[PDB]
Amino acid sequence: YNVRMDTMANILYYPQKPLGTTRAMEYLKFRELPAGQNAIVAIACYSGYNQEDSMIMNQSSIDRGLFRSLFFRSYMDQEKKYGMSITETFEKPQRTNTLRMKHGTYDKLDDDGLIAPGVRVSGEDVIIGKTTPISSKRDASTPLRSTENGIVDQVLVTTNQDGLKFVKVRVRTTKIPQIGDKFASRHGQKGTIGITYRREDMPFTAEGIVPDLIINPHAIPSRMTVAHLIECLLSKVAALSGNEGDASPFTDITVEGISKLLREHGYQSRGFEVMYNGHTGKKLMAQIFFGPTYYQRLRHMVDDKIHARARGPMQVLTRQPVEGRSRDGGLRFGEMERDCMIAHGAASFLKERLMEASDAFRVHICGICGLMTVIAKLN
Amino acid sequence: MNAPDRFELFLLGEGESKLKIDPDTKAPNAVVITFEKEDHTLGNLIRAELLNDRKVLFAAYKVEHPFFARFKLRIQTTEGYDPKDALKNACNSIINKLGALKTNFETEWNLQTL
Amino acid sequence: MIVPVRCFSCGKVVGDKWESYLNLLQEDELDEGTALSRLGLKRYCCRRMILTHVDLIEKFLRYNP
Amino acid sequence: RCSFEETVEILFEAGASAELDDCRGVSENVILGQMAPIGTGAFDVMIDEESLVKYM
Amino acid sequence: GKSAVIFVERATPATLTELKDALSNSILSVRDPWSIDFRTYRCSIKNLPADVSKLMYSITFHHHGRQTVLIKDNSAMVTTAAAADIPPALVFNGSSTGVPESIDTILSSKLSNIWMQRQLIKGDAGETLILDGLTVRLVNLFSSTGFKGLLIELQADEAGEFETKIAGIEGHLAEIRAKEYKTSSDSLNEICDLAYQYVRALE
Amino acid sequence: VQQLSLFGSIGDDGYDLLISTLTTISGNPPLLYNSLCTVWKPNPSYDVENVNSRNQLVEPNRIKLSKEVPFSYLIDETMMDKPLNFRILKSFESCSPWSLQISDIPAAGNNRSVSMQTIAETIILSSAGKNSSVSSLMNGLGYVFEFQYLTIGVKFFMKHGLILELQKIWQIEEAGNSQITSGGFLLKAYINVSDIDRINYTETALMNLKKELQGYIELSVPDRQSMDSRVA
Amino acid sequence: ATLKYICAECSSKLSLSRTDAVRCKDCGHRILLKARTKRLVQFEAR
Amino acid sequence: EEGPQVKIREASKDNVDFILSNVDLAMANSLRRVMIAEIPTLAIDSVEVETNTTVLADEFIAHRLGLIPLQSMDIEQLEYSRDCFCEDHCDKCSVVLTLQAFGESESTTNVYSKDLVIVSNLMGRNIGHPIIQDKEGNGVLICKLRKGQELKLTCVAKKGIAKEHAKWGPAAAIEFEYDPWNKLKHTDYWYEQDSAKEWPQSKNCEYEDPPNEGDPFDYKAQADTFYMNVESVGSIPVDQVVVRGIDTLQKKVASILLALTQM
Amino acid sequence: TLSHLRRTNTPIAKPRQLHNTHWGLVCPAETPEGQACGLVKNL
Amino acid sequence: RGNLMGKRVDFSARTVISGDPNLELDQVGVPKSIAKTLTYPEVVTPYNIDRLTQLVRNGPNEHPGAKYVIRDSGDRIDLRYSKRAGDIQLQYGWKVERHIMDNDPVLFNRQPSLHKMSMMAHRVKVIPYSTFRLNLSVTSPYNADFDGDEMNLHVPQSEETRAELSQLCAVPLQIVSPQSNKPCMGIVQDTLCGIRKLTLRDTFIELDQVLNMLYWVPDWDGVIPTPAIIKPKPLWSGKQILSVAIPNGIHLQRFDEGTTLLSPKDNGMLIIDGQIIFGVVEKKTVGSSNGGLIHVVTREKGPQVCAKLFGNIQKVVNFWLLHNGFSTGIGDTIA
Amino acid sequence: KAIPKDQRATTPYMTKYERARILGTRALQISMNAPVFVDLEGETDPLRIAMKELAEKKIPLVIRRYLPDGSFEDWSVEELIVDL
RNA sequence: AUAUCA
Ligand SMILES: [Mg+2]
Ligand SMILES: [Zn+2]
Ligand SMILES: [Zn+2]
Ligand SMILES: [Zn+2]
Ligand SMILES: [Zn+2]
């Protein structure tokens, strides 16, 4: 990973092999190159911040490196040749002789038009300085995505098949598990973080153990993901025994077999453990199903999703808001949304959405032939 | 990104008192103390000690939302007794109890040879 | 990749214990469960830290610059 | 009619038949960007100078 | 007039009272409470000529005029935000608008690029203890980070016996087990030395 | 502080008539006064970024120091024994207290009935220490002397806090003082306002004075840019 | 002092300017890197 | 002696097993919470990287450096930089650590918490020493280098609490139990046939009298007697995790009394 | 990466269903949800 | 279909949704960043002039701040760059484009939108963290969950538009729906699960917890109800302390299979004057049911009263269950 | 054509839509510095002002209620029953 | 255009 320039690369800080494994994984290179970490998971009802597929994370564990990841994006740019005379250039543009400059800052550019690796960047800042001389010259520079930030990892200069100077810039960030951040077990049991609690707020075993993750009991029944519960029980034994827990498909391993082994370790056979409430210290009237379960960190993180707009770039043809988060677009108040407004009887709210909040324009029409013919020299 | 600074949990805000004592309207001789940059650590401790006070009629605390480190504590006492005084005494009792706890641990620790 | 300092769940330093664990296995031939326990890793949260670690750093070192 | 399914084949025929759209549908006023004649816009609002001068 | 400021670094909110009682048999009367703000500004100039501080202190006395003394490089400037303290002649010729504000407000709103407020120590509900020819003021100083210490302001009209008066108060500090404290009675115009003393005792 | 004002002017010959008019209109004869102003700017040798600790843009501005001087310092020997009254204007250790002011460019707005300027002021009462001169103190703040001017005139106290100044201004330099107002007097009418009401009320007072002098002397709103002390 | 660009494989420093020839001195390979800023970067240890 | 009482069961450099009798569960817990969260410690907080030729990221390494335990015995005589009067840090408020490492060896060169050197003046106080519990005396393994792999950096360690970051957490797991026979009826035991056979008996059962079935339910009964185990990371000695915990909670309560006083 | 190098596309009777003949040749679980469901086979 | 009958729009915002037991039914947690972007154009008026001047002073970066000033003249002042962003003196009739603030009415929507209830008006609540937070009982109408769902937010720009939202499509109004002439929001998950557990005959609460459970109800009269058991030891039942959330005047009767006036199996339901007499509270009672506690409350007391009841029932129940706990294991599948 | 007051047959009660639109309109006008026909008992929000004006039936507006044929009945806000 | 998200 450290020697390749790819657009986007996500690497887990401290990957862990799973406590519960398949005999088939041997060939899949999975234990050598894992996709997650064995989290200490309590299936409990706690503050109600884990309702409807959400989960609670141990904010204490997150600090210790649980689920952090590296992030590398790579920005590219060419120095194109437009015919006999016109040639783009790598340089730090000067605002007096360069048109349509980016509002972002150009100070982090060395005179070769690149940021040296090691400089910390931030939104709207200029990674690569470029101008497309035409006459003095327009600004063709590359700014860092406005929704991101980080430190420049590496910057390389090259020529291609025909010898056009082109430069690749890598930017490294460390993404620390936040709220809308998605995670799942290996049982189609997905969810986002609802809240993160510190160790003291968390429920705890008399032994001093605390969950990394709190998942809701309400997941399990309707879903019938029994293997999730077994994964856990087996992983608990595996963790204590120091033996690889064989979670392979068609085998002679029984929930009874594993139960017996867990009782040999001092824990209650069905994985339950008595827990104490973190805020009061009072024993919970319920005993919580507690043990390690292999959880995966998924590509969907809240900060790459979050988007808001209030007047912005417009299309040329339709003169309406541009598309997508990427382009600082506006959202679509579509047909089905029009319908709801019509159902509500929100006549003026609708007019506003369709006019003031988007499209709205003024023409002069003729009273004889109701056409937009009128040569309004309004002045 | 929309993440609040970690010190916001314990470090008082610009012009923000630890305590804000407001009087309860619905009940006679009852008050509501809002504790800024505090959690269960202190709330449940105080509430439980006020419960030991005989002249205290009502005592409860609540952390209205977990994103904010603050809690409202409601104290109701018998007529003539002041709830601020009730809180003052429970605070004192706690300290004196902890003082003995330290003294007792220290004595017992010094006896150990490990 | 590279042993975690401190167990995520309780924060018992686990950074020192790596080589010592790997040694109690080659040199002492000992099974994983005893080595962990020898090293005083009693809670399963701490056990899982070492037991399930994949020291990818060692492969990473195999590349020249 | 053109906002559902037949669009252009409906507007050509609309042309040669010299149709006249009275703009009472919700669709029309939406295309036109005017306050639709639905709930909130199903009636009109007027100031009365009589009642106005009465309250002062 | 004469003065001295004693700042008890190692102490707690209680230390004030402990010292308050060690004087119980020396007290006479108690006048109105006092207040005080102690600000620290750091200069942002990057060419600053060698040996020119980058630090400037602002000492605001409450109802000692609502006056603020600026201190930098052993020099002081006395200012006031009180319209009532404006010299009559300046109001008459229009030099003044008759409606002044604090030099600190000016610093933070008009000169903020040059001067940045680093710290703000406040002392509220202070106590004015009146002894024999020696007025002793006590107040607990607090920062944005909780308690910061105890401050003793010693003012005495009696130009004579003073070195004794200061030594006496330092003694009552030894009694209450108040060790590791700083005392200043240095000098650079009363309000100015007093302000300076706070700086010496707190910086 | 908010200063609402209007300005005007008259040539030396219009003096007596104007004094007579303002005396009847206000009920009181004029009062002689003077003031010395010294303007200071950020030291150009030093350079600092123009931003907050919060990284917010701060615009560099001039600081104005102003005080009075005893009239006797403005009367030479030729001036000697001349009624110390309004007619005199025609024949033209530590630091002292000073008024320190920083002003903002007047409020924006087309068709403003008056000029409205915000003024931050504090009072310097005294100093002590090594470098106690007001000059050193300004340097300590990171400022340097730029220019200074003397203003001599007569003022009238009117109703609702309205003040009228008839002034002459002289810039001061060793090369010599030059009269900025050479030819006549700068006329200024203003009210200092520490609520929207009192602001619209003050505007009215100024407007009534403008109205009452219409035909004789005109009072108008000066150009915002002419009342902007920012350094650039 | 000063290493404008580094080599990808042999890791030998290069220090070249505009129109100097995008290649390494000894080995062929036109790859070449950039070498860290001398403006030292600080990180919070959290 | 007086109010609540302690009876230590076992001691070491790393553990304190004890019994806390004549106490409110609320108090036992509030102490437990404080030990985890509010006791101050010294930990690396800023990492300026001069050179890094390693297989690991600048911040990956940086993160680890915070989790390395530092001597926080005399932490109480160090100021929080926030409260300190300088510009950033100084001696009165920080410990400066240095780390220079290089792959001289053909074999893999290791970087340990022992390889950290104090560059700031300690004012002769027990602070900033990387805690080494390691038998071979190496401490925490920070990094691995090959040949021309250099790591040159500077660390600024600062006073802090676990609420700000879990790196300033002086305690590992805190064991906490009460009523090993469920005499209080504080839990309804989930079972299949017999809750007594199905659920394992606590160690602490031996330190309490079994209920004896031929007795009615003691409703009047309240929770006192808490079997706890405090585990230290290194920064502060096990005893001082308990003591400083008791003291922090005491100071925390005093602030409230004082707040009321100013009001 | 592995599962991408074992992916099968089927362009355009009841193709989406898991056939008996798919035993041991194609994965009964690895298929997309929606539009391409059962038309994207995995070896 | 795509530029006229539906079009993308400005004053729109979208992010990942997550639940909250501490939000009121009708509110929506809005991330600070989203609030700092979305704007409402407010006309300078004697009533707001001072407040508005302050948000202008606060500027585009501080939370309760503003982005633009619109003069009578028509030209827009950008507070981010204007050299006069400080000394900006407002005039009646100007517009201050200020940030979205706590209690502004906003259109919240989950696509598809095959319902009028798929777009409802919520009260803003500016909060930290990057997700839109919603009350759990409002989940069902939108058809949302927190497995990675995103939701749309639209901001009205006129006093008229705002009224439309607040007066016609606000969440409390939408509780009883015409789709099936019954409530379209009810008590779910933790709160539903905890509500059964709380209301069993077996379930008794000690004084300490009763006081916290009481204080937790935001409209509680301050009256400690007489314990169902006064000596040996004062004890309250679940039924009793839940009834504090049930408003006075609320009358309900339900007979399930085998219900007598002696309800031996704690069958059916009997609520007299907003006080439970018998039976266990669950889906049939507190869900989005035709005969529902919600159906009666909306109809009898009002939509605003019923919306408060949701929050109330959840604040008590969730608190109780936080301390009681609830789990699920393999042991629960074992027969 | 306009139906005479004596021949009006639409509801004597104000529709949800009418009330929402009156409140919207007044609030808008109040916000555009229109004269307020009630004592603002400290009120500052134009909708809360509108609510107050409608509460005392001091809103000088009339609802022109159109019939499908094109005719209409005019109703004063003062005369419409507000049971909503 | 493919992949993907609920
Ligand atoms: Mg979903
Ligand atoms: Zn025409
Ligand atoms: Zn652990
Ligand atoms: Zn080479
Ligand atoms: Zn310092």
# chains A, B, ... in the order shown; residues from 1 in each chain; ligands from 1
>>> residues_near_ligand(ligand="ligand 4", cutoff="12 Å", atoms="only C-alpha atoms (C1' of nucleotides) and all ligand atoms", output="list in words")
residues 65 of chain C; 5, 6, 7, 8, 9, 10, 11, 12, 13, 14, 22, 23, 24, 25, 26, 27, 28, 29, 30, 31, 32 and 33 of chain G
>>> interface_residues(of="chain A", to="chain K", cutoff="10 Å", atoms="only C-alpha atoms", output="PyMOL selection string")
chain A and resi 344-348
>>> interface_residues(of="chain B", to="chain A", cutoff="10 Å", atoms="only C-alpha atoms", output="PDB file with N, CA, C and O atoms, in the first residue's frame")
ATOM      1  N   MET B   1     -15.646  16.347  12.715  1.00  0.00           N
ATOM      2  CA  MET B   1     -16.139  17.627  12.177  1.00  0.00           C
ATOM      3  C   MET B   1     -17.225  18.354  12.945  1.00  0.00           C
ATOM      4  O   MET B   1     -17.105  19.565  13.115  1.00  0.00           O
ATOM      5  N   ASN B   2     -18.319  17.692  13.327  1.00  0.00           N
ATOM      6  CA  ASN B   2     -19.276  18.458  14.112  1.00  0.00           C
ATOM      7  C   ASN B   2     -19.037  18.222  15.614  1.00  0.00           C
ATOM      8  O   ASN B   2     -19.729  18.749  16.492  1.00  0.00           O
ATOM      9  N   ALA B   3     -17.924  17.534  15.869  1.00  0.00           N
ATOM     10  CA  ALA B   3     -17.414  17.076  17.141  1.00  0.00           C
ATOM     11  C   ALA B   3     -16.975  18.186  18.043  1.00  0.00           C
ATOM     12  O   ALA B   3     -16.069  18.947  17.685  1.00  0.00           O
ATOM     13  N   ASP B  39     -21.247  15.412  35.827  1.00  0.00           N
ATOM     14  CA  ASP B  39     -21.928  14.193  35.359  1.00  0.00           C
ATOM     15  C   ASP B  39     -22.539  13.398  36.514  1.00  0.00           C
ATOM     16  O   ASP B  39     -22.781  13.970  37.586  1.00  0.00           O
ATOM     17  N   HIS B  40     -22.770  12.075  36.298  1.00  0.00           N
ATOM     18  CA  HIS B  40     -23.307  11.149  37.302  1.00  0.00           C
ATOM     19  C   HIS B  40     -22.404  11.066  38.529  1.00  0.00           C
ATOM     20  O   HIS B  40     -22.904  11.107  39.660  1.00  0.00           O
ATOM     21  N   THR B  41     -21.061  11.031  38.287  1.00  0.00           N
ATOM     22  CA  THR B  41     -19.964  11.023  39.264  1.00  0.00           C
ATOM     23  C   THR B  41     -20.354  11.841  40.492  1.00  0.00           C
ATOM     24  O   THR B  41     -20.263  11.342  41.612  1.00  0.00           O
ATOM     25  N   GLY B  43     -23.626  13.882  40.620  1.00  0.00           N
ATOM     26  CA  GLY B  43     -25.075  13.930  40.752  1.00  0.00           C
ATOM     27  C   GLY B  43     -25.685  12.887  41.659  1.00  0.00           C
ATOM     28  O   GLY B  43     -26.336  13.224  42.654  1.00  0.00           O
ATOM     29  N   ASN B  44     -25.480  11.617  41.295  1.00  0.00           N
ATOM     30  CA  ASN B  44     -25.963  10.441  42.017  1.00  0.00           C
ATOM     31  C   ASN B  44     -25.404  10.402  43.453  1.00  0.00           C
ATOM     32  O   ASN B  44     -26.128  10.000  44.369  1.00  0.00           O
ATOM     33  N   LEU B  45     -24.145  10.888  43.644  1.00  0.00           N
ATOM     34  CA  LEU B  45     -23.476  10.977  44.943  1.00  0.00           C
ATOM     35  C   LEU B  45     -24.221  11.931  45.851  1.00  0.00           C
ATOM     36  O   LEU B  45     -24.602  11.542  46.954  1.00  0.00           O
ATOM     37  N   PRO B  66     -27.104  13.414  26.869  1.00  0.00           N
ATOM     38  CA  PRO B  66     -25.684  13.043  27.031  1.00  0.00           C
ATOM     39  C   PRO B  66     -24.642  13.862  26.280  1.00  0.00           C
ATOM     40  O   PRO B  66     -23.461  13.739  26.599  1.00  0.00           O
ATOM     41  N   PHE B  67     -25.046  14.679  25.288  1.00  0.00           N
ATOM     42  CA  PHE B  67     -24.061  15.481  24.553  1.00  0.00           C
ATOM     43  C   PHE B  67     -23.509  16.615  25.380  1.00  0.00           C
ATOM     44  O   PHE B  67     -22.474  17.197  25.020  1.00  0.00           O
TER      45      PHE B  67
END
>>> residues_near_ligand(ligand="ligand 5", cutoff="10 Å", atoms="only C-alpha atoms (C1' of nucleotides) and all ligand atoms", output="short mmCIF file (atom, residue, chain, number, x, y, z; two decimals) with N, CA and C atoms, in the first residue's frame")
data_model
loop_
_atom_site.label_atom_id
_atom_site.label_comp_id
_atom_site.auth_asym_id
_atom_site.auth_seq_id
_atom_site.Cartn_x
_atom_site.Cartn_y
_atom_site.Cartn_z
N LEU H 78 3.09 19.97 38.71
CA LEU H 78 3.13 20.44 37.33
C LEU H 78 1.81 21.14 37.06
N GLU H 79 1.85 22.23 36.28
CA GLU H 79 0.66 23.01 35.94
C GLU H 79 0.02 22.52 34.62
N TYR H 80 -1.30 22.73 34.46
CA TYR H 80 -1.94 22.41 33.19
C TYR H 80 -1.54 23.61 32.32
N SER H 81 -0.98 23.38 31.10
CA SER H 81 -0.54 24.47 30.20
C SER H 81 -1.62 25.54 29.99
N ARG H 82 -2.89 25.10 29.97
CA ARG H 82 -4.05 25.98 29.87
C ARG H 82 -4.04 27.01 31.00
N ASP H 83 -3.69 26.59 32.22
CA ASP H 83 -3.64 27.42 33.41
C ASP H 83 -2.30 28.14 33.53
N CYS H 84 -1.25 27.59 32.88
CA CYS H 84 0.09 28.17 32.89
C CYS H 84 0.12 29.48 32.17
N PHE H 85 1.09 30.34 32.51
CA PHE H 85 1.15 31.67 31.93
C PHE H 85 1.99 31.92 30.69
N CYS H 86 2.66 30.89 30.14
CA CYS H 86 3.52 31.08 28.98
C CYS H 86 2.77 31.26 27.66
N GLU H 87 3.41 30.87 26.58
CA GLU H 87 2.94 30.89 25.21
C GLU H 87 3.24 29.44 24.90
N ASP H 88 2.21 28.68 24.66
CA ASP H 88 2.32 27.22 24.52
C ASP H 88 2.84 26.53 25.78
N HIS H 89 4.04 25.98 25.75
CA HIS H 89 4.50 25.25 26.91
C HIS H 89 5.78 25.79 27.48
N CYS H 90 6.14 25.25 28.65
CA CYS H 90 7.35 25.59 29.38
C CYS H 90 7.71 24.46 30.32
N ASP H 91 8.60 24.74 31.27
CA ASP H 91 9.02 23.77 32.26
C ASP H 91 7.94 23.61 33.31
N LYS H 92 7.35 24.73 33.78
CA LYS H 92 6.32 24.78 34.82
C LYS H 92 5.09 23.97 34.43
N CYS H 93 4.95 23.63 33.11
CA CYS H 93 3.77 22.98 32.58
C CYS H 93 3.99 21.79 31.61
N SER H 94 5.25 21.49 31.25
CA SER H 94 5.48 20.36 30.35
C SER H 94 6.82 19.62 30.53
N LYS H 158 2.02 16.60 28.52
CA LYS H 158 1.22 17.55 29.31
C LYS H 158 0.32 16.85 30.36
#
>>> residues_near_ligand(ligand="ligand 3", cutoff="7 Å", atoms="only C-alpha atoms (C1' of nucleotides) and all ligand atoms", output="count of residues only")
10
>>> residues_near_ligand(ligand="ligand 2", cutoff="7 Å", atoms="only C-alpha atoms (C1' of nucleotides) and all ligand atoms", output="list in words")
residues 366, 367, 368, 369, 370, 371 and 373 of chain A
>>> residues_near_ligand(ligand="ligand 1", cutoff="8 Å", atoms="only C-alpha atoms (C1' of nucleotides) and all ligand atoms", output="PDB file with N, CA and C atoms (P, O5', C5', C4', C3', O3' and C1' of nucleotides), in the first residue's frame")
ATOM      1  N   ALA J 144     -37.917   5.128   8.323  1.00  0.00           N
ATOM      2  CA  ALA J 144     -36.497   5.191   8.529  1.00  0.00           C
ATOM      3  C   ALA J 144     -36.011   4.244   9.631  1.00  0.00           C
ATOM      4  N   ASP J 145     -34.715   3.943   9.605  1.00  0.00           N
ATOM      5  CA  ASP J 145     -33.928   3.136  10.546  1.00  0.00           C
ATOM      6  C   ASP J 145     -32.519   3.790  10.547  1.00  0.00           C
ATOM      7  N   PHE J 146     -31.605   3.277  11.370  1.00  0.00           N
ATOM      8  CA  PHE J 146     -30.299   3.913  11.431  1.00  0.00           C
ATOM      9  C   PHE J 146     -29.165   3.017  10.949  1.00  0.00           C
ATOM     10  N   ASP J 147     -29.481   2.133   9.970  1.00  0.00           N
ATOM     11  CA  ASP J 147     -28.546   1.215   9.307  1.00  0.00           C
ATOM     12  C   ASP J 147     -27.721   1.925   8.200  1.00  0.00           C
ATOM     13  N   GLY J 148     -27.828   3.260   8.093  1.00  0.00           N
ATOM     14  CA  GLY J 148     -27.127   4.057   7.086  1.00  0.00           C
ATOM     15  C   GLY J 148     -28.017   4.906   6.196  1.00  0.00           C
ATOM     16  N   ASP J 149     -29.234   5.212   6.691  1.00  0.00           N
ATOM     17  CA  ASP J 149     -30.258   5.995   5.991  1.00  0.00           C
ATOM     18  C   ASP J 149     -29.871   7.449   6.042  1.00  0.00           C
TER      19      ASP J 149
ATOM     20  P     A L   6     -27.115  -0.411   2.630  1.00  0.00           P
ATOM     21  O5'   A L   6     -28.624  -0.018   2.931  1.00  0.00           O
ATOM     22  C5'   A L   6     -28.958   0.758   4.069  1.00  0.00           C
ATOM     23  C4'   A L   6     -30.274   1.468   3.888  1.00  0.00           C
ATOM     24  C3'   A L   6     -31.444   0.605   3.453  1.00  0.00           C
ATOM     25  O3'   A L   6     -32.019  -0.134   4.518  1.00  0.00           O
ATOM     26  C1'   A L   6     -31.408   2.604   2.185  1.00  0.00           C
TER      27        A L   6
END
>>> residues_around(residues="segment 196-198 of chain F", least_positions_apart="2", cutoff="10 Å", atoms="only C-alpha atoms (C1' of nucleotides)", output="list in words")
residues 193, 194, 200, 201, 202, 203 and 204 of chain F; 46, 49, 50 and 91 of chain J
>>> write_last_selection(atoms="N, CA and C atoms", output="PDB file, in the first residue's frame")
ATOM      1  N   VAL F 193     -24.226  60.074  20.984  1.00  0.00           N
ATOM      2  CA  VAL F 193     -25.241  59.131  21.432  1.00  0.00           C
ATOM      3  C   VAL F 193     -24.664  57.829  21.972  1.00  0.00           C
ATOM      4  N   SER F 194     -24.819  57.610  23.276  1.00  0.00           N
ATOM      5  CA  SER F 194     -24.347  56.381  23.929  1.00  0.00           C
ATOM      6  C   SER F 194     -25.229  55.211  23.467  1.00  0.00           C
ATOM      7  N   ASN F 200     -33.139  58.258  16.091  1.00  0.00           N
ATOM      8  CA  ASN F 200     -34.018  58.934  15.147  1.00  0.00           C
ATOM      9  C   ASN F 200     -34.400  60.294  15.706  1.00  0.00           C
ATOM     10  N   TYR F 201     -34.330  60.427  17.023  1.00  0.00           N
ATOM     11  CA  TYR F 201     -34.657  61.693  17.658  1.00  0.00           C
ATOM     12  C   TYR F 201     -33.503  62.655  17.422  1.00  0.00           C
ATOM     13  N   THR F 202     -32.290  62.134  17.565  1.00  0.00           N
ATOM     14  CA  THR F 202     -31.098  62.929  17.372  1.00  0.00           C
ATOM     15  C   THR F 202     -31.021  63.377  15.922  1.00  0.00           C
ATOM     16  N   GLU F 203     -31.393  62.500  15.002  1.00  0.00           N
ATOM     17  CA  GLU F 203     -31.356  62.875  13.598  1.00  0.00           C
ATOM     18  C   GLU F 203     -32.281  64.058  13.391  1.00  0.00           C
ATOM     19  N   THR F 204     -33.444  63.991  14.018  1.00  0.00           N
ATOM     20  CA  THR F 204     -34.417  65.058  13.897  1.00  0.00           C
ATOM     21  C   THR F 204     -33.855  66.391  14.389  1.00  0.00           C
TER      22      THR F 204
ATOM     23  N   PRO J  46     -38.588  46.785  14.192  1.00  0.00           N
ATOM     24  CA  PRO J  46     -38.338  47.220  15.577  1.00  0.00           C
ATOM     25  C   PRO J  46     -38.197  46.080  16.575  1.00  0.00           C
ATOM     26  N   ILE J  49     -34.622  44.054  15.521  1.00  0.00           N
ATOM     27  CA  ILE J  49     -33.474  44.893  15.195  1.00  0.00           C
ATOM     28  C   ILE J  49     -32.232  44.655  16.013  1.00  0.00           C
ATOM     29  N   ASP J  50     -32.328  44.723  17.352  1.00  0.00           N
ATOM     30  CA  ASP J  50     -31.188  44.517  18.254  1.00  0.00           C
ATOM     31  C   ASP J  50     -30.626  43.117  18.122  1.00  0.00           C
ATOM     32  N   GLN J  91     -31.118  48.869   8.928  1.00  0.00           N
ATOM     33  CA  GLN J  91     -32.222  49.810   8.672  1.00  0.00           C
ATOM     34  C   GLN J  91     -33.500  49.005   8.506  1.00  0.00           C
TER      35      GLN J  91
END
>>> residues_around(residues="segment 110-123 of chain H", least_positions_apart="4", cutoff="10 Å", atoms="only C-alpha atoms (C1' of nucleotides)", output="CSV table (one decimal) with C-alpha atoms, in the first residue's frame")
chain,number,residue,atom,x,y,z
C,15,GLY,CA,3.0,-3.0,24.0
C,16,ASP,CA,5.9,-4.6,26.1
H,65,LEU,CA,3.4,8.0,21.8
H,68,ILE,CA,3.1,5.3,26.4
H,69,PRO,CA,2.8,5.6,30.2
H,70,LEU,CA,5.0,8.4,31.8
H,77,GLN,CA,3.5,20.0,41.1
H,78,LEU,CA,3.1,20.4,37.3
H,90,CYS,CA,7.3,25.6,29.4
H,91,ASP,CA,9.0,23.8,32.3
H,92,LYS,CA,6.3,24.8,34.8
H,94,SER,CA,5.5,20.4,30.3
H,95,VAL,CA,8.1,17.6,29.9
H,96,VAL,CA,10.0,17.5,26.6
H,97,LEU,CA,11.0,14.1,25.3
H,98,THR,CA,13.2,13.3,22.3
H,99,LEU,CA,13.4,10.3,20.0
H,100,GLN,CA,16.2,9.6,17.5
H,101,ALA,CA,16.4,6.1,16.0
H,102,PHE,CA,18.2,4.6,13.0
H,103,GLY,CA,18.6,1.2,11.3
H,127,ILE,CA,7.8,13.0,36.2
H,128,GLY,CA,8.0,12.1,32.5
H,129,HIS,CA,10.0,8.9,32.9
H,130,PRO,CA,8.7,6.2,30.4
H,131,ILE,CA,7.3,3.5,32.7
H,132,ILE,CA,9.3,0.3,32.2
H,137,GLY,CA,13.9,-3.5,30.4
H,138,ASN,CA,12.7,-2.1,27.1
H,139,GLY,CA,9.2,-0.9,27.8
H,140,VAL,CA,6.7,-0.3,24.9
H,141,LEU,CA,7.7,-1.2,21.4
H,142,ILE,CA,7.0,2.0,19.4
H,143,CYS,CA,8.5,1.1,16.0
H,144,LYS,CA,10.5,-1.2,13.7
H,145,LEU,CA,13.1,0.1,11.2
H,146,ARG,CA,15.2,-1.7,8.6
H,151,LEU,CA,12.8,8.3,13.0
H,153,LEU,CA,10.8,13.5,16.5
H,154,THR,CA,10.0,15.6,19.6
H,155,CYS,CA,7.3,15.1,22.2
H,156,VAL,CA,5.6,17.5,24.5
